[PDB]
Amino acid sequence: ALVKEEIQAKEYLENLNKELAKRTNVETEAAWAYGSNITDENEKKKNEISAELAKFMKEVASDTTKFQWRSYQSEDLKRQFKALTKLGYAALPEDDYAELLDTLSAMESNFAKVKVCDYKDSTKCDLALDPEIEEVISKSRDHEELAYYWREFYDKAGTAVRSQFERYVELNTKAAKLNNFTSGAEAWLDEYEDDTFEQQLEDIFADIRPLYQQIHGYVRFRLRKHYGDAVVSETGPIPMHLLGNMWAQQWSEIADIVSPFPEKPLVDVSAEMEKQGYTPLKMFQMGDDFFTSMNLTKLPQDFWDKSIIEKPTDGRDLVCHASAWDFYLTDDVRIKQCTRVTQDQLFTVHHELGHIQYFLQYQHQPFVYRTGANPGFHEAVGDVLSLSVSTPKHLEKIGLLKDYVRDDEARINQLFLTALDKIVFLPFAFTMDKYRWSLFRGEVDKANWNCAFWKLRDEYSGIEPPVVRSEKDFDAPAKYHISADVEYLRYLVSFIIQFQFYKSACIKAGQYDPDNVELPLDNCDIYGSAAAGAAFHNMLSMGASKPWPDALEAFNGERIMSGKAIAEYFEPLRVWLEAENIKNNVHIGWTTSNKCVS
Ligand SMILES: *[C@@H]1O[C@H](CO)[C@@H](O[C@@H]2O[C@H](CO)[C@@H](O[C@@H]3O[C@H](CO[C@H]4O[C@H](CO)[C@@H](O)[C@H](O)[C@@H]4O)[C@@H](O)[C@H](O[C@H]4O[C@H](CO[C@@H]5O[C@H](CO)[C@@H](O)[C@H](O)[C@@H]5O)[C@@H](O)[C@H](O)[C@@H]4O)[C@@H]3O)[C@H](O)[C@H]2NC(C)=O)[C@H](O)[C@H]1NC(C)=O
Ligand SMILES: CC[C@H](C)[C@H](NC(C)=O)C(=O)N[C@@H](Cc1ccc(O)cc1)C(=O)N[C@@H](Cc1ccc(O)cc1)P(=O)(O)O
Ligand SMILES: *[C@@H]1O[C@H](CO)[C@@H](O)[C@H](O)[C@H]1NC(C)=O
Ligand SMILES: *[C@@H]1O[C@H](CO)[C@@H](O)[C@H](O)[C@H]1NC(C)=O
Ligand SMILES: [Zn+2]
């Protein structure tokens, strides 16, 4: 009978979940040791534990076929069993999985070990991306210096791993097909449990795209005034090295030269943070304070004891891209961040702590449910907090923003500053996965892989390399997530839904009313709000126990991913910017780039 089997299956699941948590703990520990301390010994250790867990997963997926799980009454049991059938890379034969792991660590370690020579001193060749190269990219307004560092980094972080990337694509595809997905694109998209998900994102992107064009047009206009027309053309794609970010994914670092009202205040609290003697420790303690202030969970002692919150000062190689870690026990959660005392880093701290909070909220769930409702939810949590921390309202409370007058012009500056991070990012994030999807799906011949990347960057973002590239170069892996095999659509989803969360959290906190001029969405602070915290607790505690629309419904009663909230936030900027571009006869749109030779 199926009644007796379903009872037996429940007990099978309870034990197996706990076993998976314990085995994953061991893998995570080895991955932590390697990430904190890159060596051949730690690489070998990390990959061997992974190979071992993969083998166990194979046995698990095989064992699910012994249960008539599709016949069960309990939606919960069926959901758990379905999650267990999904093997990912662990579906690969033993030798193929080991090869994939070796390729993956070859790419991640290459990225982490990149060092370039000083622009002014060909003798000093120990400049790493974080912090040395990024310091220049964010601060230099010498266009040739910027171009030098761009070329050096992309040559070393990108082109150097072409053959490894090729083999990774092959094995990623082989794995996907062994799970009966068409390609790795479909395997990734499966995490969103919605067969129209791509179309939904296309529709939302199409609605916000006109606002992006206006911001792009205005930024290009302002850059021409700064650099002159020899460096920036009116009608062409923006040379990306001028945008204050190695990947041009966010442009806030150049706000001081492109701000709507240069004579009015522009929020940049980095200097005040340094003046008040801020430390990484203080920044994390402040993040903790924000969460607990909303009646959410305090960081456990293991976090403080075991986290790495500063770049180590010995000679060691490590991964400095900020990350948050769930060790799948109780309260063993960690962050590794090479924290610097800057405004952007203060947001990053809150982003990472958002992951940590999610871990703590769902750690009581069975193992397979100890993850985000979808990957976008996990990325959105910290950013909702970061949105309110970024407000003049909050920054004045914590003494970081002084003598600030919030008039109509200062408001436009702040909205524009936010847009330089939030709207600009949308086409960037979309192209990261449109590119990899196209390779996974076999839609681009290997002969055309590099210019296929830049074609997308041109088409969607209207940016281009500072120098002519060709198929001799291979630029995609110069972005961390591409070298490290981390799906990127999560961030596009995050940047849309975080505004749904923020709007609703602000309304619940009595911080936003569309008919009250004193409560604008763009100055909402949710600090200290137990009502906003309740909504978070209701949603995050669910983990992946239910399909994501149910998790969204738990937060604010809605079930649909929508661009309404983000457009609402930026509406006063849209009205002003459209008018300003008309007033200044600003050219909108761009010609096709000449910077990638076929
Ligand atoms: C991805 O898709 C793949 C298909 O493209 C799929 O691979 C298939 O998985 C099937 C398992 O579900 C498997 O089916 C079995 O086939 C056996 C014989 O196949 C041979 O000949 C084929 C050519 O004709 C070759 O291609 C194969 O390589 C094989 O050499 C059968 O002997 C076997 O049967 C037994 O099992 C079924 C079990 O089914 C259920 O059993 C319960 C009993 O508790 C029933 O109550 C229930 O109703 C249901 O029937 C029994 O019914 C039966 O009595 C036998 O005991 C079985 O049909 C198939 O061979 C395999 N390949 C192909 C090419 O079809 C992958 O599994 C998919 N991967 C993932 C991850 O989902
Ligand atoms: C081997 C441990 C992993 C590093 C970790 N996974 C776990 C279970 O701790 C993990 O994927 N952490 C996510 C944040 C995250 C965590 C879990 C999720 O379900 C979703 C996101 C994280 O740190 N994401 C960062 C990017 C990243 C993502 C994956 C990595 O392996 C390394 C870095 P972020 O978006 O903050 O820049
Ligand atoms: C890094 O790992 C090596 C082994 O490869 C070990 O000897 C060393 O102690 C580690 N360094 C640190 C700082 O933990
Ligand atoms: C704190 O959370 C609890 C439940 O976790 C809730 O009942 C309570 O309302 C919250 N605190 C306050 C002051 O509301
Ligand atoms: Zn993240």
Side-chain angles (χ1 to χ4, degrees), residues 20-21 24-46 49-50 53 104-105 107-108 111-112 130 191 249 291-298 308 312-329 332-338 347-363 365 367-383 386 429 479-491 493-495 508 528-538 540-541 543-544:
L20 287 168
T24 307
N25 177 83
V26 174
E27 185 193 41
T28 307
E29 282 287 358
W32 171 268
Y34 175 67
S36 295
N37 181 27
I38 295 169
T39 63
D40 287 8
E41 186 193 323
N42 292 353
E43 179 187 18
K44 190 173 180 286
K45 282 188 194 184
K46 178 198 169 170
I49 321 295
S50 287
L53 176 61
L104 293 178
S105 53
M107 290 187 299
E108 188 156 16
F111 184 95
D130 189 358
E191 303 302 325
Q249 66 184 67
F291 281 97
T292 63
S293 87
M294 302 173 69
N295 196 27
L296 294 172
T297 311
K298 169 182 186 146
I308 296 168
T313 42
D314 43 24
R316 85 209 206 199
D317 288 308
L318 76 152
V319 178
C320 261
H321 185 97
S323 58
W325 298 64
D326 189 352
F327 287 77
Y328 289 113
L329 307 172
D332 190 350
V333 291
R334 291 172 219 180
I335 280 166
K336 182 159 56 65
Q337 183 169 341
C338 301
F347 304 152
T348 303
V349 165
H350 288 258
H351 176 85
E352 307 310 329
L353 287 172
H355 289 311
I356 298 293
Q357 185 65 29
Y358 218 155
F359 303 153
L360 297 169
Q361 289 291 138
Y362 63 45
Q363 65 181 181
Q365 296 280 168
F367 175 80
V368 292
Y369 291 162
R370 289 175 70 173
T371 188
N374 75 43
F377 280 58
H378 230 290
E379 303 305 330
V381 186
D383 281 18
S386 281
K479 176 67 193 159
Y480 172 76
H481 296 68
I482 295 183
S483 277
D485 179 36
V486 179
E487 183 261 27
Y488 214 81
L489 199 76
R490 62 187 64 184
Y491 302 106
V493 178
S494 171
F495 276 51
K508 290 167 193 292
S529 171
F536 274 101
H537 172 252
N538 289 346
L540 308 181
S541 61

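All ligand and atom numbering here is 1-based and tracks the order in the structure. The analysis underlying the following values was restricted to heavy atoms, covering all of them including side chains, and did not include hydrogens, waters or symmetry mates. All residue numbers refer to positions in the sequence shown, counting from 1.
For the side chain to side chain contact (heavy atoms under 4.5 Å, CB included) criterion with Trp32, the lone passing option out of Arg334, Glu27, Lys46 is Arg334.
Considering backbone and side-chain N/O of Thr371, one or more are found under 3.5 Å from N/O of ligand 2. Every N/O-N/O distance between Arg490 and ligand 2 stays at or above 3.5 Å. Not a single N or O atom of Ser323, backbone or side chain, sits closer than 3.5 Å to an N or O atom of ligand 2. In terms of polar-atom proximity, defined here as any N/O pair under 3.5 Å, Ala324 does make such a contact with ligand 2. For ligand 2, the polar-atom distance check finds an N/O of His321 within less than 3.5 Å of one of the ligand's N/O atoms. For ligand 2, one of its N or O atoms has an N or O atom of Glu352 under 3.5 Å away. The shortest N/O to N/O separation between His537 and ligand 4 does not fall below 3.5 Å.
Near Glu41, the atoms of ligand 3 lying under 4.0 angstrom from a non-hydrogen atom of the residue are 4 (C), 5 (O). Atom numbering of ligand 2 starts at 1 in the shown order; those under 4.0 Å from a heavy atom of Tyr328 are 8 (C). For ligand 2, the atoms closer than 4.0 angstrom to any heavy atom of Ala322 are 25 (C), 34 (P), 36 (O), 37 (O). Interface atoms of ligand 2 facing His355, defined by a heavy-atom separation under 4.0 Å, are 14 (C), 15 (C), 21 (C), 35 (O), 36 (O). Close approach of ligand 2 to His351 is summarised as follows: ligand atoms under 4.0 Å from at least one heavy atom of the residue are 34 (P), 35 (O), 36 (O). Of all the atoms in ligand 2, the ones that sit under 4.0 Å from a non-hydrogen atom of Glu379 are 21 (C), 35 (O). Interface atoms of ligand 2 facing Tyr491, defined by a heavy-atom separation under 4.0 Å, are 26 (C), 34 (P), 35 (O), 37 (O).
Counting protein heavy atoms under 4.0 angstrom from atom 5 (O) of ligand 4 gives zero. The protein does not reach atom 11 (O) of ligand 2 closely, with no heavy atom under 4.0 angstrom from it.
A centroid separation of less than 6.0 Å is found between the aromatic rings of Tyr358 and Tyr362. For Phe359 and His378, the gap between ring centers is short of 6.0 Å.
Not a single donor-acceptor pair under 3.5 Å links the side chain of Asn37 to the backbone N or O of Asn42.
If you take OH on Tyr34 and OG1 on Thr39, they are separated by 8.0 Å, rounding to the nearest 0.5 Å. The CD atom of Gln361 lies 6.0 Å from the OG atom of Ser541; values are rounded to the nearest 0.5 Å. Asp326 contributes atom CG, which lies 8.0 Å from atom CG of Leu360 (distance to the nearest 0.5 angstrom). Atoms OH and CZ, from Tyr480 and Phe111 in turn, are 8.0 Å apart once rounded to the nearest 0.5 Å. Rounded to the nearest 0.5 Å, atoms NZ (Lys479) and CD (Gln249) are 3.5 Å apart. Between the NE2 atom in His321 and the CG atom in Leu318 there is a gap of 13.0 Å [rounded to 0.5 Å].
A side-chain donor-acceptor contact under 3.5 Å links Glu379 and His351.
Contacts between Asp326 and ligand 2 below 4.0 angstrom, taking non-hydrogen atoms only, involve backbone and side chain alike. Only the side chain of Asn42 comes within contact range of ligand 3, with a heavy atom under 4.0 Å; no backbone atom does. Under 4.0 angstrom from ligand 2, the non-hydrogen atoms of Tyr480 all belong to its side chain.
You'll find the side chain of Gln337 stays beyond 4.5 Å of the side chain of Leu353, heavy atoms only. With contacts defined as side-chain heavy-atom distances shorter than 4.5 Å, the pair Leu296/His537 qualifies.
Closest heavy-atom contact between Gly376 and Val493: CA-CG1, 3.8 Å. The shortest heavy-atom contact between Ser386 and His350 is OG-CB, 3.3 Å.
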**OP:** Quick one: do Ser36 and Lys336 satisfy side-chain contact (heavy atoms from CB on, under 4.5 Å)? Show the steps, please.
**Re:** CA-CA 8 Å; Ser36 295; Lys336 182 159 56 65; 3.5 Å; yes
Original post:
Please walk me through it: do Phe536 and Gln357 pass side-chain contact (heavy atoms from CB on, under 4.5 Å)?
Top reply: CA-CA 10 Å; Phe536 274 101; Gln357 185 65 29; over 6 Å; no
**OP:** Apply side-chain contact (heavy atoms from CB on, under 4.5 Å) to the pair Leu540 and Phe377, showing each step before the final yes or no.
**Re:** CA-CA 9 Å; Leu540 308 181; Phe377 280 58; over 6 Å; no
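Closest to atom 20 (C) of ligand 2 among all protein heavy atoms lies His378 CG, 3.3 Å. Ranking protein heavy atoms by distance to atom 8 (C) of ligand 4, first place goes to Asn295 ND2, 3.4 Å. Protein heavy atom closest to atom 2 (C) of ligand 2, with residue, atom name and distance, is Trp325 CE3, 3.6 Å. For atom 13 (C) of ligand 3, the nearest protein heavy atom (residue, atom name, distance) is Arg316 NH1, 3.4 Å. Of all protein heavy atoms, the one lying nearest to atom 31 (O) of ligand 2 is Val486 CG2, 4.5 Å. Of the protein's non-hydrogen atoms, the one nearest atom 14 (O) of ligand 4 is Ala530 CB, 3.8 Å. With hydrogens left out, the protein atom closest to atom 2 (O) of ligand 3 is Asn37 ND2, 2.3 Å, a heavy atom.
Using a 4.0 Å cutoff on heavy atoms, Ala484 does not count as a contact of ligand 2. Distances from ligand 2 to the non-hydrogen atoms of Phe327 include no value under 4.0 Å. Using a 4.0 Å cutoff on heavy atoms, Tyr358 does not count as a contact of ligand 2. Every heavy atom of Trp32 sits 4.0 Å or more from the atoms of ligand 2. Residue contacts with ligand 2: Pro375 is excluded, as none of its non-hydrogen atoms falls under 4.0 Å.
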